[PDB]
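Below you'll find only one chain, the form deposited in one PDB entry, shown as structure tokens.
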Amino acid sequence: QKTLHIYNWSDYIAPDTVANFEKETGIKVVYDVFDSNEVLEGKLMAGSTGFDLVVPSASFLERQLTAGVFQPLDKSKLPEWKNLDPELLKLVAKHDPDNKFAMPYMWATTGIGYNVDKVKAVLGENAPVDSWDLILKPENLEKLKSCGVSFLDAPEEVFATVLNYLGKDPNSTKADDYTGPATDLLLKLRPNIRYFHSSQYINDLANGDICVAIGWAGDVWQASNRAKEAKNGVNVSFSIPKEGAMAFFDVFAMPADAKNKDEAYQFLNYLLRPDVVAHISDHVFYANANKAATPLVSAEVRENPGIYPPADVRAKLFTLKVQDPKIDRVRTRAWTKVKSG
């Protein structure tokens, strides 16, 4: 009679996680998947989804903090909550103050995807692939222009990255920071950027038509794996630069009208086990938010600096704060001015 209804991304869990949880607890888990965040968000805002646990983005959960859509997590029913990284917890608290509604599941960054061979051919073995200097210094973008440079069509993320690169507050609330120095540097870099797109760079990296790109980690790993599967000889790598990068989190959350709260808390505690989430990370190739699980992650994933960055880089990570409307308008018009080049 024990029932638990979960809604998650497809292939966003280890193949045997649900089976092991069912065999250990005796609960019958109804595990449904979605291939697009629009479906999950529309169902959640429509209400009465019938799900006990869902996996939305932390930004959507932040947008839905006062709508009564999610249930505040009873921290007393989660003793292993201490296993979570306090640094990543502080990072996600900006989307969820006091970590009230969401348990961080996996996370990724907005970093640099690049062709190793072409970059080291036009910039040498000393190419600063571990720094935004590779793509945010005009002197290097001039030498990289011939092999192809692409930027995301995401003004918020790109502007936050540029503000962090310039030493300013990555989520500055001053419009002068956006219209002034950030716009100045972006317009200085513009003549070397081939296009602004948030999806074409995947296949363009896989085929070698683009050699350096601002990209989300999952997209760059998909491009590199596509190149590997094609056996085309294109070596695509992803780097979280040393100056820091924007981080984004997927979270487990409990809808307010969940009928199986006990089983949901049991599943959350199961996910808080280091070995469980470490196995999940071994399968999905994403870094999890469980510190105690880090030594248990496979050396293939744990020792990848583009997935598990060192402490000095993790201390420079940041999340995207929701901006006041005037900042949004200034950002959009500045991005329109930048893209006109």
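A residue's number is simply how far along the shown sequence it sits, counting from 1.
Student: Averaging the C-alpha B factors as listed in the entry, name the stretch that ends up higher: 263 to 271 or 72 to 80.
Tutor: Between 263 to 271 and 72 to 80, it is 72 to 80.
Student: Report the stretch with the higher mean CA temperature factor, choosing between 318 to 326 and 11 to 19 on the basis of the entry.
Tutor: Here the higher of the two C-alpha B-factor means belongs to 318 to 326.
Student: Among 282, 32, 303, 41, where is the Cα B factor highest in this entry?
Tutor: Answer for 282, 32, 303, 41: 41, with the highest C-alpha B-factor.
Student: Looking at 242, 94, 194, 197, which has the highest Cα B-factor in the entry?
Tutor: Answer, based on the entry's C-alpha B-factors: 94.
Student: By its CA B factor, does residue 144 count among the lowest, middle or highest third of the modelled residues in the chain?
Tutor: Middle third of the chain for residue 144's C-alpha B-factor.
Student: Split the chain's modelled residues into thirds by Cα B-factor; is residue 225 in the lowest, middle or highest one?
Tutor: Ranked within chain, residue 225 CA B lands in the lowest tercile.
Student: Is the Cα B-factor recorded for residue 171 in the lowest, middle or highest third of its chain?
Tutor: For residue 171, the deposited C-alpha B-factor lands in the middle third.
Student: Relative to the other modelled residues in the chain, which third contains the C-alpha temperature factor of residue 313: lowest, middle or highest?
Tutor: Answer is middle: the recorded C-alpha B-factor places it there.
Student: Taking the C-alpha B-factors as the PDB entry records them, is residue 85 in the lowest, middle or highest third of its chain?
Tutor: Middle third - that is where residue 85 ends up once the chain's C-alpha B-factors are sorted.
In what follows, reference is made to the form deposited in another entry, a form of this protein that is not presented.
Student: Tell me whether residue 87 and residue 145 share a rigid part, where the two parts are defined by the motion between the shown form and the other one and each C-alpha goes to the better-fitting superposition.
Tutor: Not in the same block.
Student: Are residue 90 and residue 165 closer or farther apart at their Cα atoms in the other form than shown, with the shift being 3 Å or more?
Tutor: Compared with this form, residue 90 and residue 165 lie farther apart in the other form.
Student: Compare the CA separation of residue 85 and residue 173 in the other form with the one in the displayed structure, and answer closer or farther (the difference is at least 3 Å).
Tutor: Farther: residue 85 and residue 173 separate by 3 Å or more in the other form.
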